[PDB]
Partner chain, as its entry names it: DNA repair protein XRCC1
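Taking the form deposited without the partner chain, here's one chain by itself in structure tokens.
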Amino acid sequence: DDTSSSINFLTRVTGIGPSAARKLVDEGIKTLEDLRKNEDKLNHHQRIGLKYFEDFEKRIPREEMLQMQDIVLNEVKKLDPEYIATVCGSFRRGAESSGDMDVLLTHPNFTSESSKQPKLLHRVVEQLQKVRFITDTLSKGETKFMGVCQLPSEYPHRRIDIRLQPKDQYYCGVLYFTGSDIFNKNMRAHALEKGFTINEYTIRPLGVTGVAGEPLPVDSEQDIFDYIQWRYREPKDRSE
């Protein structure tokens, strides 16, 4: 019990997985105090998770999400109008509150046949840091950024992810990350009944063989619904 309750509290800190949590409790750190007195035992991601432990357990009001959206979309547009940025998650479905901000980013210069273009993403991250919206980085790779942001003022720090997706796979991504999970499940099931398979990257025909063919052209979410003969489903109507 004691061990379990300690392992559960730790897992509430972003970055601290189950294994990492056990190893930590196994070393004598169980409380928030212990953690805060032992940052030297945590990697960068876990340490930032600890720093904003409380803030990260707070919900985000839609009104704030909207202000966050404006900041993101506006800065991106200034860097290059060709950039396309979409805030997904339950927020895109009209949710009155969110737990984090998930942003899908693309640029016509970056397609799936293209090699890595990390600066496409990092340029955006750097600018948002410049305007002081992004305050910390949990981690960042060639196509994904996980960090912390804050509205200027008192405002809680919020979790934000920015994913760079190839232009030719962008809308399948926006669809997937908009959800909900139930809706995605139901849409993929229907796609199958129609001879198509859909994932977060593409929609492909499904030969009677069961083996998916080449990816089909997608230039909007609408195209995906069109392929499977479903009338367009507004994000607000995608609870399931």
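Numbering follows the first chain given and starts at 1.
What follows is about the form deposited with the partner chain bound, which we do not show.
Remark: of stretches 61-69, 31-39, 168-176, 199-207, the one touching the partner chain in the deposited complex is 199-207 (heavy atom within 4.5 Å). In the deposited complex, the partner chain stays beyond 4.5 Å of every heavy atom belonging to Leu50.
Under a 4.5 angstroms non-hydrogen atom cutoff, the partner chain in the deposited complex lacks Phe9 among its neighbouring residues. When contacts are judged by a 4.5 Å heavy atom cut-off, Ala212 counts as touching the partner chain in the deposited complex. At a distance threshold of 4.5 angstroms between non-hydrogen atoms, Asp226 is in contact with the partner chain in the deposited complex.
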